[PDB]
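Participant: got an experimental structure here, sequence first:
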Amino acid sequence: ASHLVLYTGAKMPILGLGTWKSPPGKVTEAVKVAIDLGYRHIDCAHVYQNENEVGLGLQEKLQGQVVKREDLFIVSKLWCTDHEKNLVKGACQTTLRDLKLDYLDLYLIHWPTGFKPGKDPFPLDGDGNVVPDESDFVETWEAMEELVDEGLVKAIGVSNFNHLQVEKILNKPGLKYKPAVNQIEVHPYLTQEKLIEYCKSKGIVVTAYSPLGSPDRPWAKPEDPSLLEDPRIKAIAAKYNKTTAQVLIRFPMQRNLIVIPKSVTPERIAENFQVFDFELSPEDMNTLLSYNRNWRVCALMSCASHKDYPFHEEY
Ligand SMILES: NC(=O)c1ccc[n+]([C@@H]2O[C@H](COP(=O)([O-])OP(=O)(O)OC[C@H]3O[C@@H](n4cnc5c(N)ncnc54)[C@H](OP(=O)(O)O)[C@@H]3O)[C@@H](O)[C@H]2O)c1
Ligand SMILES: Cc1ccccc1CC(=O)Nc1cc(C)c(S(=O)(=O)NCC(=O)O)c(C)c1
């Protein structure tokens, strides 16, 4: 519809602004423009290194009475070097101060993999492998639970977790709050029909990230598949009087999933918002779902050997 409901009752905006790779000196204005066009959901993370700049845009719009804190849905995430129980609260407070907020609407464990603690976000060894830590994400979750108890966050969830890892939390003895969301990569080349189905059956909302394939990702190579430049999608896109992107955003929304496309360009930030006026054909929906080639543009290959790497499993 226009929003989905988490198992806690909270209404979560079906659409949101993504901020990974949004330069600090451009993200403040992108947030400002979005809050002005109608966006009420902003997706952030400590590891993006721009939460401070994101916090300024929110502060200015909240101070100008343009938007009420309670109509805003702000999400952030706990980074891998902060999985150790005693390190979780600090990381949450840091993100809170940087964004200039009293609480978060949703706080997610970024990846199931914990890295050796430190200032370096990706601590590698001589072989270019990321160094892991001595923690399990089940103990990290218990600390995420305290956050709710103290009112620092309204809800907690996971990101890039496989159905077996989620199950590990769902069956944790002494479990207080279960995950409300699972943010995962979902685009035509990776429709995730199985993980979504598993999540839904458990009452967990699914947020789809990189809905456009993330053509601006660092590792993207000249010979890399392109979702925005695919004749087929452009075809269904043309017959709708919309753009490839506008349809790529409607697709995950029609499947009952939350989407968070990213753009620091005001014109696209508005076009990304022009997707609540139309609909896709039950067949058009099927044509897209069929392009699934299990191709993830985000597989953290440097973590492939981590005991908790999530992508060795089917789903
Ligand atoms: N939880 C996780 O591990 C995870 C992983 C990956 C991504 N994410 C999240 O999902 C968000 C989106 O994913 P992403 O940044 O990887 O990629 P994305 O939104 O799929 O793609 C971003 C690219 O699309 C362009 N674009 C946006 N709207 C467009 C439009 N209407 N027409 C043509 N081009 C357009 C952007 O350009 P400009 O910006 O230059 O306009 C940008 O280079 C992130 O910012 C982040 O919040 C989360
Ligand atoms: C290290 C580096 C330096 C200069 C240019 C590119 C890169 C590679 C790079 O950007 N790696 C990378 C960084 C982050 C920060 C993530 S991530 O895990 O943060 N992405 C998930 C998200 O957007 O939340 C990933 C997967 C790769």
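Facilitator: Good, I have the coordinates. Numbering: from 1, shown residues only. Ligands and ions are numbered 1, 2, ... in the order given.

Participant: tell me which residue of this structure is furthest from the middle?
Facilitator: Within the chain, residue 126 marks the point farthest from the mean C-alpha position, 30.9 Å out by Cα atoms, centre = their mean.

Participant: that residue in helix, strand or coil?
Facilitator: The three-state label given to residue 126 by DSSP: H, G, I helix; E, B strand; the rest coil is coil.

Participant: now it. Its backbone dihedrals?
Facilitator: Listed backbone geometry of residue 126 is phi -50, psi -30, with angles given as degrees, to the nearest 10.

Participant: ok, now residue 42?
Facilitator: Torsion angles, degrees, to the nearest 10, at residue 42: phi -120, psi 130.

Participant: isn't it up against residue 32?
Facilitator: No - taking contacts as Cβ atoms under 8 Å, residue 42 lies outside contact range of residue 32: 11.1 Å. The C-beta positions use only the backbone N, C-alpha and C, and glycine is treated the same way.

Participant: where along the stretch 151-300 of the chain do the strands fall?
Facilitator: For the stretch 151-300 of the chain, the strands defined by DSSP state E, counting those that start in this stretch occupy 156-159, 181-185, 205-209, 258-259.

Participant: just want the angle from the second one to strand 205-209.
Facilitator: Orientation check (axes from the mean of the first three to the mean of the last three Cα atoms, to 10 degrees): strand 181-185 against strand 205-209 gives 30 degrees.

Participant: strand 181-185 vs ligand 1: in contact?
Facilitator: Yes - using Cβ under 6 Å from any ligand atom, we find that strand 181-185 touches ligand 1 at residue 183.

Participant: what packs against that strand?
Facilitator: If contacts are counted by 3 or more Cβ pairs under 8 Å, 6 or more residues apart in numbering; DSSP states H and E, strand 181-185 sits against strand 106-109, strand 156-159, helix 193-201, strand 205-209.

Participant: looking at those, which is buried most?
Facilitator: Relative to the other members of the helices and strands packed on strand 181-185, strand 106-109 carries the highest mean neighbour count by mean count of other Cβ atoms under 10 Å, namely a mean of 26.

Participant: tell me which residue of the stretch 151-300 of the chain lies closest to ligand 2.
Facilitator: When distances are taken as Cβ to the nearest ligand atom, the stretch 151-300 of the chain reaches nearest to ligand 2 at residue 218, 3.4 Å away.
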